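Presented as structure tokens, the chain that follows is alone, the form deposited in one PDB entry.
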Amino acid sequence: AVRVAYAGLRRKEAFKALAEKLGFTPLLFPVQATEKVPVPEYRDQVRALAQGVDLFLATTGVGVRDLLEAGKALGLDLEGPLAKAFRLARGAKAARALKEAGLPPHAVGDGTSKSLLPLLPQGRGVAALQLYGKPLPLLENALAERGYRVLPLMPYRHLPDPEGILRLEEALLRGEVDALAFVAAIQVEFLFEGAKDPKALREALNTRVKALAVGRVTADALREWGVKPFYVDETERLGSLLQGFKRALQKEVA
């Protein structure tokens, strides 16, 4: 039977039940330590943004929407400050959310944070950066290097599980997994950033192990780390991912 590993923490029960119903042999290898944890300083972080920024960088569509809602609930005017700032979006999702909010981006990257480096302006002031659970040293440091005071905007903080990341990498290189499902891009990132041999990992996921991604953003993370997704669930539902995956497997043999 096809051994399908799950890197989420979230829906382990649903995954197990789903995989079995399909005749798959379910494996659980989480890469996150625990549930999303609140960031103390967030509220003050949003108040800071309300004071005015020269540059605003958005990484996700959900992130922009949640930030804007938080601002309106706190009685803060965020649309004003962002209206006079240079707005950059990492990719299409972030761009659309900004667009729909009446604050279209001035430039958009290719879905990867690294693509924003070249697009950063030259000036001194404050650069607000909407995050999705983890720090982005490369981008943050690029912003500071450009002369901006980086203002991280992260509502929740995700925890990687070193121990679990290594067990997952061990398993993959050892050939105990046939497919690996990632429900979120941060899971792909925690895995490669915590791995001891990312290239053996990349190699495994490009030949012996089929990488499955829930959502285009999760897929973007796999491609960014040099992995070609075997299957991408555009409907963002774990159930559809496994159903569609089982269909893809059969079609390869048909």
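Quick note: we count residues from 1 along the sequence shown, nothing fancier.
Once the C-alpha B-factors are averaged per stretch, 118-126 and 97-105 rank with 118-126 first. As recorded in the PDB entry, 172-180 is the stretch of 106-114 and 172-180 with the greater mean C-alpha temperature factor.
Residue set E193, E35, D54, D66: peak C-alpha B-factor at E35 (per PDB entry).
For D44, the recorded CA B-factor ranks within the highest third of the chain. Only modelled residues enter the ranking. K72: CA B factor in the middle third of modelled residues in this chain (values from the PDB entry). Sort the modelled residues of the chain by CA B factor and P81 lands in the highest third. Placement of the Cα temperature factor of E236 within the chain: middle third of the modelled residues, per the deposited record. In this PDB entry, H158 carries a Cα temperature factor that places it within the highest third of its chain's modelled residues.
The form deposited in another entry is left out here; the points below concern that form.
Shown are candidates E140, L55, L68, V39; the hinge separating the rigid parts that shift between this form and the one not shown corresponds to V39. In contrast to the form presented, in the other form the C-alpha positions of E224 and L116 spread farther apart by 3 Å or more. In contrast to the form presented, in the other form the C-alpha positions of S115 and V214 draw closer by 3 Å or more.
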